[PDB]
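Visitor: Sequence first, structure after, both from an experimental entry:
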Amino acid sequence: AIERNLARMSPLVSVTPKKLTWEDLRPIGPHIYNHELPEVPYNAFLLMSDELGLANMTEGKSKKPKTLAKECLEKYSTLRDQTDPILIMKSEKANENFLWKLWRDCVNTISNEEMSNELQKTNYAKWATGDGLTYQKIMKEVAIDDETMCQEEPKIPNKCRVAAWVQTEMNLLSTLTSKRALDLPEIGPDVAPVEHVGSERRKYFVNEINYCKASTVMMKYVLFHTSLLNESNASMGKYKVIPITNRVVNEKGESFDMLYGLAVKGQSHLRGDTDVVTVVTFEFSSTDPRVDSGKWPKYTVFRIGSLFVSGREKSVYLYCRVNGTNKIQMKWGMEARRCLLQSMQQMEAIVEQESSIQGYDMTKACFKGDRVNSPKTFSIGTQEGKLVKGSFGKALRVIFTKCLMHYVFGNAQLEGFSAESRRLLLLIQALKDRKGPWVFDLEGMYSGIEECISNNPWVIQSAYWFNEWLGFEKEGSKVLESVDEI
Amino acid sequence: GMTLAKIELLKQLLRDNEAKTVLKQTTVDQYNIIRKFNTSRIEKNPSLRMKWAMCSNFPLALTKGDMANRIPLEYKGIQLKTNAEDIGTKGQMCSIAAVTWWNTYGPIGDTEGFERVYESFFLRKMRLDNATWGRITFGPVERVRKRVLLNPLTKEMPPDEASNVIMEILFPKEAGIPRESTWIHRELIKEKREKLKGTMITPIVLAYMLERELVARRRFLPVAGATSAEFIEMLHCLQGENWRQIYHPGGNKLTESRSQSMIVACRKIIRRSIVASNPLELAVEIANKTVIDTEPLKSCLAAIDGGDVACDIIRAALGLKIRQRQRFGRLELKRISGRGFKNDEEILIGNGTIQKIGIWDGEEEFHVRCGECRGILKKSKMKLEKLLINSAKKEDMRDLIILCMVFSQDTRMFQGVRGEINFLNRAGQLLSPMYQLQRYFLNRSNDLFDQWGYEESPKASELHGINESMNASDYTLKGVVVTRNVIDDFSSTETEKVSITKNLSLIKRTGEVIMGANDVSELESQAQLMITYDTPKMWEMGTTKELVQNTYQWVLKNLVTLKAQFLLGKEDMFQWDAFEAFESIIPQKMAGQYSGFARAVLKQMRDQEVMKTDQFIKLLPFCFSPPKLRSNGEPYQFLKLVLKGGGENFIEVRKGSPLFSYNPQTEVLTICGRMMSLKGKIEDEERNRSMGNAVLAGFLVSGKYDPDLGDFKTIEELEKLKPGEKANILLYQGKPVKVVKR
Amino acid sequence: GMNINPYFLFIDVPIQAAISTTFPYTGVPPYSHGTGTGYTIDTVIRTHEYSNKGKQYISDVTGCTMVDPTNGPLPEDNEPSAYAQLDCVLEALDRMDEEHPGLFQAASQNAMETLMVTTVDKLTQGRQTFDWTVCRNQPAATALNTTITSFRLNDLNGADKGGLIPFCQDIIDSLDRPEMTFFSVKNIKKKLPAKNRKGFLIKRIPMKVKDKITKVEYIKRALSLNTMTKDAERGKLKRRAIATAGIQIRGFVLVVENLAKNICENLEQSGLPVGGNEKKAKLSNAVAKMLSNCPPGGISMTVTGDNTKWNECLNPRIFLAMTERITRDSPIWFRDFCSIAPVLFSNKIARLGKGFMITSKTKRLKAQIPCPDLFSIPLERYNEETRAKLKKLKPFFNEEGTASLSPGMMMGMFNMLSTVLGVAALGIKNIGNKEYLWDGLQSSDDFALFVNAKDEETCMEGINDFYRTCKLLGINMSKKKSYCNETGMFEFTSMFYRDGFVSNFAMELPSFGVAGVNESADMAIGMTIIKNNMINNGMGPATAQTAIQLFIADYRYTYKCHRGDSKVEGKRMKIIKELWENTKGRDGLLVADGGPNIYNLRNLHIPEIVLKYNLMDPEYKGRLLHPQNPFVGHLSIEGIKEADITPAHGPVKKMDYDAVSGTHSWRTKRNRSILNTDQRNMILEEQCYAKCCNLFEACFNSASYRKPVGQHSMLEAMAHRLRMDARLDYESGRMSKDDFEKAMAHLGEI
RNA sequence: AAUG
RNA sequence: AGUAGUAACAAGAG
RNA sequence: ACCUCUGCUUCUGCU
Ligand SMILES: [Mg+2]
């Protein structure tokens, strides 16, 4: 009965399979290349590579974050006492007067002698947090008899093009610093030789992550989300000042307290998990917002003073932004240290795959080298259209930065983009292994990929890097067509 | 008394008329329903609820009673508990600082009898503490996913039988109908009632710990090396995919696990040493430095009375009185004379299926024992002939009769299979069929005793014919003799006849053979105890993937000397002492033809100057065996080279394989998943050097694919061509080449 | 001017060996906001669109509009068609029975023997269930209990006999009841006078009455499936709807899924119900079998496949024929039992949801339009997409706010029977004696197809015939997601085979946090998770020790228990520092009391109290291990044993930990949001139950460990146990001659 | 060899 | 405003 | 009622 049902079905019901070649691999996302669309702005929570911390040396202790911010501002009292706003950049639907009044309220409340960091509900605080903006719930008959109450058209994300700052963040966060912001606790003493091997390998794998800038940014995010969740559940009907802090250790062991800004919490009676609490963040920086003004249309920037780092005069700008979060993003911000593991294991497995080829441990022989083995190098960059190799530790920092940008710029667009471009990665891999892959409907694959590229900066720069990497994979495959040369 | 309090509480509950209707209407089964009635809800995101709730004021609930009142309302400003009672427990709600107040200033309770309740945990810690660690080695490890026991047990019982044991230990007045498990487990029940004597731990925790230490947890885990439970509890720190750690736990290792690990060790030593030159020397050499987890191999060979075939050969090689004691489950046999031979045959079994069971040529005689019953047995192929059993307990006679019926592979037991017997795993790996038949007929042998075939009994004054109840009758089963005399079962241990040759064959004092090196099993299994070789090159006693990867790593490391003294020296490179461990995993019917093919390929590459360095690495380790040709003075032609074990253990000659892949774009070799960069060891023009010159034996490349020779030719077609002939050949998918033989 | 490209790692490492860097599983999983009525109406529209060329009719039971695609016309294009032909399905099942003889009879007999000894309390083990009495989603043991206590008011007593078969008999006999009485809750308002404005104080108290519905209303409530949105689903941009069935289909879906499990366990190609390393061993054996079987010179290929529209394009009318084909040699009563779940699934009625919200932006007002009132408003007051959906829902919209959904199996609940149908598609292996052979692997909607043939064109001909064959059974293979390469690397259920299954550490990365049971269980769960990922998922020693450090840091910041010599502040650290100054054995304190972390790789499998019992103060170990601490409470054995963790891909898996019951085994408070709703009487209704059960375990102490069996009342068993206890008290001197008279007089009253 |  | 993204929150209830 | 409850507790019908 199957042979007779297949003999009478139409010949139009088929897979129509097409043999995949390199020429069928067009670049994904052409609309990110055209210049009519605006370039994608900065929409992260806190500043990442444009950050600037106000250091203050301490003696390896803990204290209240109010007293930490109070001492860090007492050191830099010139920036604390500046009561004259020099407006540089203003967001469109913002209020430069209300945001400067809120900054002065945060400074005057974080620097008094009371132990309470609560903020009074003035008109500028009620504007910046948003008070009475929820709609009234009326009954269904009173609204069914109405004719003006229509169902709203829900907003679709915009379409943006490649902004040049995402490459700048990727380049700057992968570079080493001299500070160590990690707070890794102790484990038990070692008895088995596997524990000694793990500790010796951790002393390589953890320092490279620890000195880079991305770990400092990660710890800033983790500590701010922890204190913000605690103050959201603790004091619900209160506006509270929450200082953005981090504790940092230099190369000689002297601790410091970096204060990156202040942040106001709204009124968080968060019942549902997707309910939003409004956070108004004021953050210090030294980056002129008019160099790259297509990056900050969401920020209101003031110029509040100048600093002398060693002998040079860097300006200090204040970036003010209304923002928001929910309980789910705060919970995933507390669990944001796991970007270590996904970066460490993927490299550590590689080290283990070296050791089975060589018989001994190859962590020093991959990070630094030895008498026999050369150091390990990976293609990791691009300079003037050519390749750039780097060390094992630079590749570890690059994967750690990638796994941090998965958290910071991570929404449903990134989920859909990764899940739909993984198939295209596996098709490119099947072309590289000379397995000879076949596709049935390739344009459906591209059409399913391209619907998630709307306004996420990591998705647009990932499409840009995929096009660049695919162009590098096409021109290197020409030695595979030249085999047997008949 | 606590009885009149419950009667007063029952008189109290009858006044609540809702509780009166609930007590009168709900049956005792439906209690299991109404216990789970609440106003709660299974939280779909519990980590978010914990992080959100720990920041609140009073996130916990207290049990209502006198112990929650000992926590004060506040402690130095910190409000510990509040007056708002909970919905579920009807007790007060406390903060998480009340837990630390209890741990710091609370009442001190009587923790008497604590180390006897959690004795499984303290025994786990004792096995960790009294342990020793060894070296850690880096190298390939092939893990096999096997169903193993997670934690060791006090006594392994079925879960209903263990539930009956726990109900007899803890709640004896509610055990219900008595089973026969109470009489078997009476000393365990008395011991476990002595140990849990005066403790105040609630009986639900005692039942959880007793169920933890009696009921087995068996799961699928990746296991390489040791699979006993004291090693499965440290499997996370034992070995990985690319490293191994030598470890020996505390306590005391068993005897069955010691004997099985000794059998695995002797089988591996014999399986390595057979393909060697002067096999007895390497057999004694490897056997002298083998350690079964704490102790040398000779101590286990001189202390344990078992071991099947390979153990006798290693015993007589070290110098030891052999013990020819087989153990078919619980059937302890010892041969007298007779030498069977194992050969696979597709038995068409009784339920209507085909199984490749091994049957034995020859005619054999045994002294058999099961439990406290003994006997003598004599058989041939699929034919139970004689069975003279001594008189003992009835069910022990039953077990011995069933085991001797199963052992002889008699067709009245093959066709007597009428039931549900699964000769395969749920994960689709091979179970041993004879042990399946043995475990089936140990319970349901009424079909066997129905269709076994009856006859009359010998009516001598010393013999007694048996019915199915093992009593005196005459409608007897065919071939069962019950004499009242003695038999002296295992006392006649006397054979001072080791006298081994080179090829590991135990030749007797008369002059014949009783054991052979072509007699051991081929079914490699994982040892229960960890097994170490304190030697250089332990890896030669490894699996197929490990041997392939280590041999290819060794060829790759020493590539310059091999290639230079192959271009200069002629016939030293093949007979190399590092390739015996590679012929240890090639089947002995194919290894000589493989060697002739690979030697002809490499000779063809060196004579006319076309050299593919990937083909050299690929077909170098196959060259060690002495070659076998065809009858035309021509070698064989192969498409793949098949190694021992599995179906993915093959080396494709033309394309890549699982075990061997080569990428010419990146110049990267892949051996078993590991990537060795060949960049810097290949020549200059080796990407325009022809590939079909190194594919067949005596077949160069004559040009591009031409349709005047017809279609592609297979290996049997190329094996029957004239010398000086053109043909067409597909190398891999996309490269057809016109090829001249010779 | 060097610019970093993170894809360039794939130049040096293969992609399958670096696939953990292609999973963004540290970001937030996408949650749905607001209603899920749009996705429900989209599911209804897409289900009736893929089967609109079949037989339409109006049911003479309920009145709804039913569509029948089975034995409909053959498709003419590559749209997803649900027109499954019956003869093709029966020929596939007959070839599957010929390949495995005796399988169907053995599976049916095992399922019947398992049904004959199943109790009603098996229906308390599935998380949320649609309650028809209150028309909501409830826990299963409350939906079941309300069903039983409402069945008692109608002379339906299949729950007293204790078996599952009399309860299912009363379920299918309640469909013939002309009226149904149940317990519902209304509200009565009340005036309180005071000194106030705008009148008086309004006190509306909810109280419990008996509400009665008609026959057809009860039949429509029994066939209903409530619908929600799938929250926290990774790997998709746009959301989808899920369903939840009532308690009157659970007893039958239990037996049909048990029968399909007995079939799936014995098939070499079903990747179900196996899981973990058992699934890895089975699929590795299958691939290694099919790789050593290609012809010499022939080409083997592997299709990495996905199935599009799997839930909408199947049919209960095909599953009815499958349960009539599999149970051929069974008794007639079992054939009537196993043919009720596809009958209730072929007549199901989708409840839509919460409706849509209409807002006035100028006046800043909003209101929630429910699903009965969806069409009591002009369609020009919806947006474009919702108005387009409401134009197409209208031929299937029941007037009480639900929708008729006859074709398609919404959200599943037949994940092993659809696996059986896919395996029956896989076992045909050839059409028309052409020179190829296929086989493959099949989980619930996920396949992997291996084809051995002469050359690649014959392989694509075999793949084309597999596609056309699967069209005949209702299996619409996706084309935008399936691809095909040579044999040696593929993907199946997020497992990536490249000459062996590679490790994917990222998919187990969200499970590495604090699990959230209590302080005692979370440390055991965390160390067990690190241990299991060292064994299974390829985590090395350095990453495992980094995971120990990160877990103890997250544990301390979650539970607010830092070290005592640290100087952190808080309401709990003020007493942790007091504990640190009093304790001499400071290395014996737990981590939850400010002690040091003591774990490393060698002791991940030992509990924390057992690791530190020989280092504790006797006062600290006395207070921590108190027999009667007020934090532990009334214990059940699975609460001590297990805790449920949900993976990022798949249903929830319970894992079992080892922990000592100390003062850190506390329980969180009950969510008190019910104190303001209309369900406050269900508080009292719970605390009427609990007292009774808390007396029962007083009389029968084994009731927590053993399940109590018996058809007698709960008062008779307790009265007999108390009478025997009093008799054996007076016959041992442990009572008086007067207190025995008091006890026996009270029992004479009872 | 197992222990579902 | 803003978070966000096919629909919500920007407190709800008495 | 500058009073109280709530922070995962589900809205067919009482509306
Ligand atoms: Mg798939």
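Guide: Great, that's in hand. Numbering: from 1, shown residues only, chains lettered A, B, ... in the order given.

Visitor: now stretch C:706-725: how far from the chain's centre is it?
Guide: 35 Å (C-alpha atoms, centre = their mean, to the nearest Å).

Visitor: Check stretch C:138-154 too.
Guide: 21 Å.

Visitor: Show me the contact partners of that stretch.
Guide: B:25, B:30, B:33-34, B:36-38, B:40-42, C:120, C:123-134, C:157-159, C:170, C:174, C:177, C:180-183, C:210, C:246-248, C:250 (C-beta atoms under 8 Å, 6 or more residues apart in numbering or on different chains). (Each C-beta comes from the backbone N, C-alpha and C, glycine too.)

Visitor: right, is that stretch up against RNA strand F?
Guide: Yes - Stretch C:138-154 reaches RNA strand F (C-beta under 7 Å from any atom of the strand) through C:138, C:139.

Visitor: Kindly report the domain assignment for the chain.
Guide: No chain specified, so I'll use chain A. Taking curated CATH domains as the reference, chain A has its domains at A:16-39+A:156-211+A:335-486, A:40-133+A:212-334.

Visitor: try again with chain C
Guide: Per the record, chain C has its domains at C:31-266+C:308-413, C:267-307+C:414-501, C:502-668, C:669-750, by CATH domains of a matching chain.

Visitor: and the nearest residue to residue B:567 once chain neighbours are set aside, how many neighbours?
Guide: Of all residues not flanking residue B:567 in the chain, residue B:606 sits nearest, at 6.5 Å (C-beta to C-beta, 6 or more residues apart in numbering or on different chains). Using other C-beta atoms under 10 Å in any protein chain shown, residue B:606 is surrounded by 14 other residues.

Visitor: Surely residue B:606 is in contact with residue B:566?
Guide: Yes - taking C-beta atoms under 8 Å as the contact criterion, residue B:606 and residue B:566 are neighbours in contact, 6.7 Å apart.

Visitor: so is the residue nearest to residue B:567 in a helix, a strand, or just coil?
Guide: Three-state assignment for residue B:606 (DSSP: H, G, I helix; E, B strand; the rest coil): helix.

Visitor: and whichever residue of chain B sits closest to RNA strand F, which of the three is it?
Guide: Per C-beta to the nearest atom of the strand, residue B:41 is where chain B lies closest to RNA strand F, at 3.5 Å. At residue B:41, secondary structure determined by three-state DSSP is coil.

Visitor: Show the contacting residues for it.
Guide: Per C-beta under 8 Å, 6+ apart, neighbours of residue B:41: C:128, C:139, C:671.

Visitor: Identify the residue of chain A closest to chain C, quick one.
Guide: residue A:410 (2.4 Å; C-beta to the nearest C-beta).

Visitor: Please, which helix or strand holds that residue?
Guide: Taking DSSP states H and E as the definition, residue A:410 sits outside all helices and strands.

Visitor: Burial check on it, number of neighbours?
Guide: 24.

Visitor: Up against RNA strand F, what does the stretch 151-300 of chain C have?
Guide: Taking C-beta under 7 Å from any atom of the strand, the part of the stretch 151-300 of chain C that reaches RNA strand F is made up of C:184, C:185, C:186, C:187, C:197, C:201, C:211.
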